[PDB]
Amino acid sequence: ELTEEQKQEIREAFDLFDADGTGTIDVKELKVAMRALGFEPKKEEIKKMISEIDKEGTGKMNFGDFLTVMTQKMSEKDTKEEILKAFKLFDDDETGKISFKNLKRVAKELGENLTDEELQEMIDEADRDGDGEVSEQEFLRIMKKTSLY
């Protein structure tokens, strides 16, 4: 699962930044390159990625390396969306946080039989900022670090 019109889009995107056809683009056009592709990367993520990508500080990247990073980023974006889609199914009162109330309702609808003590344990374990409920970032973080997706 990669595809063809999508492999060919990535190529187009790559060539925008390689008008002279030297076969590389400057690692610095990454963010603009990702945006042309529909992504919305953030500073930290770009800092992090330019650093994974240009491990030998050439300042340059080829098409295979670009293709990788973009396939990888498309898979992550799909995962995020799916995690976000589940976020919304726990937060059915749409308060934008997942509560103890939401979580208990979800366990029941799915036929679990946890105690409030276990239910609370699952909040605390997810609640990093200590506001007593679970944000999207917390929920993303919590999926990021479990069994498989």
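The numbering used is simple: start at 1 and walk along the sequence shown.
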Task: Of 81-89 and 54-62, the one with larger mean CA B-factor - done: 54-62
Task: Between the two ranges 6-14 and 131-139, the one averaging a larger CA B factor in the entry - done: 6-14
Open item on the list: Looking at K48, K97, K101, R35, which one carries the largest C-alpha B-factor according to the PDB entry?
Closed with: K48
Task: Third of the chain's Cα B-factor distribution that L110 belongs to, per the entry - done: middle
TODO: Comparing against every modelled residue in the chain, figure out the third that the C-alpha B-factor of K31 lands in (lowest, middle or highest).
DONE: lowest
